[PDB]
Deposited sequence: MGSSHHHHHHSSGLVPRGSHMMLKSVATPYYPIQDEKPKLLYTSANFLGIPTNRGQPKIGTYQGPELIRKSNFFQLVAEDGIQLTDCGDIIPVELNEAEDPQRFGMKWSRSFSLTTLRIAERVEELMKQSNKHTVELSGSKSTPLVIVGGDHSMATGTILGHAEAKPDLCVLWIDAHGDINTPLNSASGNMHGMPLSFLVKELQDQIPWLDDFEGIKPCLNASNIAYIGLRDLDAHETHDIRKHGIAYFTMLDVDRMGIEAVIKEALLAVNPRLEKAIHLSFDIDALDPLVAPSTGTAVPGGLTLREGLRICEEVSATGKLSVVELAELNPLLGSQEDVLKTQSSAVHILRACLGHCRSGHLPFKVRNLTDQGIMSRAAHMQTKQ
């Protein structure tokens, strides 16, 4: 057998202040509960559990609304804390060692990318999501941070981000030409404006319907990593998949990716040999029935396994078992006498 990645790191980030629905903090445990670790090992990969990042959760009286944003100071404090740990993990392993991150709501992405970009500043980002998550604070109708994580990272958008002192440590590390969306089907108007204005590459479900997922992946990589020179940060919101496949998530949107389409994305990104960080966001075991949570867990595991290099086409055994070395009479041997 052969493997692009022979070892990987696992990191849990139970962020739950990016959106009002409680349960995303149970995200990392939902994956740890599963047979994910067992399965990755059987594929011949050494997965090291790097524990969980403790997010900063201020008391409501310590964190009033600022510019409509909810839990903004918790966000800024958590962001920096994420960035510090991710940077350490990335520099420590600097045939690479991918970081698998499990959220947690998507607001964590500001921290992960920032820390990732501090170790590999030339990275590109593949954002798999039903939503843009690129609302700027004054344009956000909800005030939820999981809908704004990209806006603090994109240089071309900094004249639309309100200055806040606790936000100074969060320096924009992304050019608009380094991001590519796949799976969009619920963009806010101002997101659509910014995405088109600054030429951010995006492939919606409409594009997936007209082009096919195979062409979309090829075009997404062509746009942000044309010669596979750049490290890849793969940000995978679980709600990019259709709700029939992953119902246990906060903002489900019908008409999403099939599990197979999602797997194709991960398999292709994995095969570049350039997967640096994969993050899975918006898992919420407190939403839906037990069967719903089981379905969502199952989809998450298959997706993450795909990122680490698992092939549906099969894997060769690390040692071939021969029947005669075990001194056992085979049927072929019996009739030969």
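> How would you list, in order, the spans of the deposited sequence that the model does not cover?
Residues missing from the model, as numbered along the full deposited sequence, span 1-37, 132-140, 384-385.
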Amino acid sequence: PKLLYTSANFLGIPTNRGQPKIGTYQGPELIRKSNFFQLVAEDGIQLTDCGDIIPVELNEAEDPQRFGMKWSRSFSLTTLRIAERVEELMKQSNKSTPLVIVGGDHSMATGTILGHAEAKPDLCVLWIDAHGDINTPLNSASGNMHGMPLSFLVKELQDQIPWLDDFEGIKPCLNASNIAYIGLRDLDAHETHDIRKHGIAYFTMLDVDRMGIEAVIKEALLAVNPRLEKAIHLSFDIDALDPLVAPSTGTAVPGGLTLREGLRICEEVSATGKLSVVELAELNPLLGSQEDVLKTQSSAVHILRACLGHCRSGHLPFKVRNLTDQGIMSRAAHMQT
From here on, numbers count along this sequence of modelled residues.
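> Looking at the entry, does 249-257 or 70-78 show the higher mean C-alpha B-factor?
For C-alpha atoms only, the mean B-factor is higher in 70-78.
> On average, are the C-alpha B-factors higher in 103-111 or in 148-156?
Stretch with the greater average CA B-factor: 148-156.
> Checking the record values for 235, 192, 97, 225, which has the greatest CA B factor?
Largest recorded C-alpha B-factor: 97.
> Between 128, 161, 205, 201, which carries the biggest CA temperature factor in the record?
Highest CA B-factor of the listed options: 161.
> How does the C-alpha B factor of residue 171 compare with the rest of the chain: lowest, middle or highest third?
Its C-alpha B-factor, which the entry lists for residue 171, ranks in the highest third among residues of this chain.
> Split into thirds by Cα B-factor across the chain's modelled residues, where does residue 312 land: lowest, middle or highest?
As the PDB entry reports it, the C-alpha B-factor of residue 312 lands in the highest third of its chain.
> According to the PDB entry, is the CA B factor of residue 183 in the bottom, middle or top third of its chain, that is, lowest, middle or highest?
Ranked within chain, residue 183 CA B lands in the lowest tercile.
> Split the chain's modelled residues into thirds by Cα B-factor; is residue 243 in the lowest, middle or highest one?
Its C-alpha B-factor belongs to the middle third of this chain's values.
> Which third, lowest, middle or highest, does the CA B-factor of residue 327 fall in along this chain?
Residue 327: CA B-factor falls in the highest third of its chain.
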